[PDB]
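Peer 1: So I pulled this structure from the PDB, and the sequence comes with it:
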Amino acid sequence: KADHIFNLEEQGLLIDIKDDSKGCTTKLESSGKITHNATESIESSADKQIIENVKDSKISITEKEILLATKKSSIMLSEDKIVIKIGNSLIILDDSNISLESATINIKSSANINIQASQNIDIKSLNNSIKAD
Amino acid sequence: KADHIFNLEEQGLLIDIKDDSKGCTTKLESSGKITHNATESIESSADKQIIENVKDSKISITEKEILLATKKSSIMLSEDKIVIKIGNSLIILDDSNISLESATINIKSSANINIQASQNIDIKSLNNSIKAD
Amino acid sequence: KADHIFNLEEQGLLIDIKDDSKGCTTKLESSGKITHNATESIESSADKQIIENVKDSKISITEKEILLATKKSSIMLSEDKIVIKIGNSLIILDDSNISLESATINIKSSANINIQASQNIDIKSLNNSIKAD
Amino acid sequence: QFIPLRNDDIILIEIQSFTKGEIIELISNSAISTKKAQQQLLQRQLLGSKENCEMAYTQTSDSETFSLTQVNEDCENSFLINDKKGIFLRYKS
Amino acid sequence: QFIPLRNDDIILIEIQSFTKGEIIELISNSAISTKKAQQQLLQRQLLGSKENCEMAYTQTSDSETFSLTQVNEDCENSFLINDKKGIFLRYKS
């Protein structure tokens, strides 16, 4: 019991494809809008790129990378290497390495700080390394 | 040597546009599915918003923000400010600051913990600050 | 003062819907490209899935999850649980817990490392736990 | 055009000599506007066996519809063109 | 077809007896190619009141256009088919 419409109005395309209850309604309105709707799913595959831009704020996809990039901010979910940048403040995650680099570091909590290590700890410093109790 | 089809069946639109080997096949099936395919790329630009929703689980894009938000979880990749929230547990990354706030903190490893500092270290605490060897 | 075009050429569909200044132009070119344009926004809702693939590099969306997954890298923005994996190196964020697990950990800075704690600190170790001044 | 004489029509036939008859005019139709020339202005061509097509063009007192409809068992194709809405395509059941 | 006799046409009428007249031929048109049979090759059907349709088919010295246009107040529907570009659909004002 299907319906199928393909308009062209002053508003724009109103392509809906309806079952008895379900549907897949798309538009392209002349007021600058693009909408889509479904009742089950939206899939969209490709072979090399999926690039989504609003004036240099990308979400790009390659066969191996995923970028979530703007001006001066990025997440590069490469294969086996994750970077998070605000220059200059980095978090680089590797196969067997977590590095966290910055200028300053503030670490607050409320109850506990368990810092275990199954082998040695090499803390280095300069002039002060203070504590309290 | 191109082909171009524009159907309307009980299934739905089956728009494919094929070269001798390449292609760009789209559907809108009446069983609630939307698919797309390509052989090279998919680009989709805009000017203000790209909003993708499955009943309050957004991925929104503005000229400056990128949200990957659900109920009670968000990544706000703003310009020069990155936030990662599970209330209440935060990681805020700035231009020259990395702050990590929580209730408790567990930090495990296997081999090394190099904590360098090119200037002083101000560790504070309460009643216990224990170690082992 | 609208225009509405629906072509089929050797290039492919060139669906644009223009106002006096605004517009919504879509294509499906036979050279393997899919593009889209707008002047205000793009919305695309669904009910269960939004899956975007380039040969196993997903961005999937469910009612509760958000995956940004490739081979051997993933961000699982579940409800109240965030995981970031490069096996084996994890960052798991919970409601009242931040755990960071790895093999090795390097932590650099330039000026300060404030590690506060509103209750006790339980640092554990093995053979060395050295410092400098 | 190739629209041959279907059955069930009515024709004047002369018999111009012995063993020579001819066909001259048509006294028949299949498509007529059965309304009062103020409600509708039909200009159409029915086609095919079972008459399941129209190249209709109806102008009532309100709108103008150009249409290419089809009726089948559980398939209603069309191609509508109005002046008020635009260009359509439909498939119903 | 059902294309009844509109007004403003010109007709030969016989009067075959007393109180029996008949209608025979048409001496009239509404659609003609007013160019010199080398610039255009028009093959069209105007339709409807106000003549706001064409089932045109123009072949100039350059291209072939199949078309189904409409003109209204601030609405210009069409359905163009060329040999060089392809299949169109338009709505302008």
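Peer 2: Nice, thanks for sending it over. Numbering: from 1, shown residues only, chains lettered A, B, ... in the order given.

Peer 1: Any figure for the gap between the residue of chain D positioned farthest from its centre and residue D:9?
Peer 2: Distance from the C-alpha centroid of chain D peaks at residue D:18, with 37.7 Å (Cα atoms, centre = their mean). Here the criterion is Cβ to Cβ, to the nearest Å. By it, residue D:18 lies 26 Å from residue D:9. All C-beta spots, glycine's among them, are computed from the backbone N, C-alpha and C.

Peer 1: now residue D:52
Peer 2: 19 Å.

Peer 1: So these two - more neighbours on which side?
Peer 2: residue D:52 (14 against 11; other Cβ atoms under 10 Å in any protein chain shown).

Peer 1: mind checking the SS state of the closest residue to the more buried one other than its chain neighbours?
Peer 2: Nearest non-adjacent residue to residue D:52, counting by Cβ to Cβ, 6 or more residues apart in numbering or on different chains: residue D:71, 5.1 Å away. Assigned by DSSP: H, G, I helix; E, B strand; the rest coil, the conformation of residue D:71 is coil.

Peer 1: Now for residue D:71, how many residues are close by?
Peer 2: 14.

Peer 1: in which helix or strand would I find the residue sitting nearest the centre point of chain A?
Peer 2: In chain A, the centroid-proximal residue (Cα atoms, centre = their mean) is residue A:68; its distance is 5.2 Å. Using DSSP states H and E, residue A:68 sits within strand A:66-69.

Peer 1: Can you name the element that comes right after that strand?
Peer 2: strand A:74-77.

Peer 1: Show me what that following strand packs onto, helices and strands only.
Peer 2: Under the contact definition 3 or more Cβ pairs under 8 Å, 6 or more residues apart in numbering or on different chains; DSSP states H and E, strand A:74-77 sits against strand A:66-69, strand A:82-85.

Peer 1: which of these sits most buried?
Peer 2: strand A:66-69 (a mean of 21; mean count of other Cβ atoms under 10 Å in any protein chain shown).

Peer 1: can I get the CA coordinates of that one in CSV?
Peer 2: Extracted C-alpha coordinates of strand A:66-69, given in CSV (Å, rounded to 0.1, in the frame of the first residue of the first chain):
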residue,chain,number,x,y,z
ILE,A,66,39.6,10.0,10.6
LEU,A,67,40.0,13.7,11.1
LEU,A,68,37.8,16.0,13.1
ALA,A,69,39.6,19.2,12.3
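
Peer 1: can you list contacts of that strand?
Peer 2: Identification of contacts with strand A:66-69 by Cβ atoms under 8 Å, 6 or more residues apart in numbering or on different chains yields A:57-61, A:74-78, B:66, B:68, B:77, C:57, C:59, C:68, C:70.

Peer 1: Kindly report the same for stretch A:104-118.
Peer 2: Contact partners of stretch A:104-118, identified using Cβ under 8 Å, 6+ apart, comprise B:96-111, B:113, C:107, C:109-126.

Peer 1: Also stretch D:22-42?
Peer 2: Outside stretch D:22-42, the residues that reach it (Cβ under 8 Å, 6+ apart) are D:5, D:8-16, D:44-46, D:51, D:56-61, E:1-2, E:4, E:48-49.
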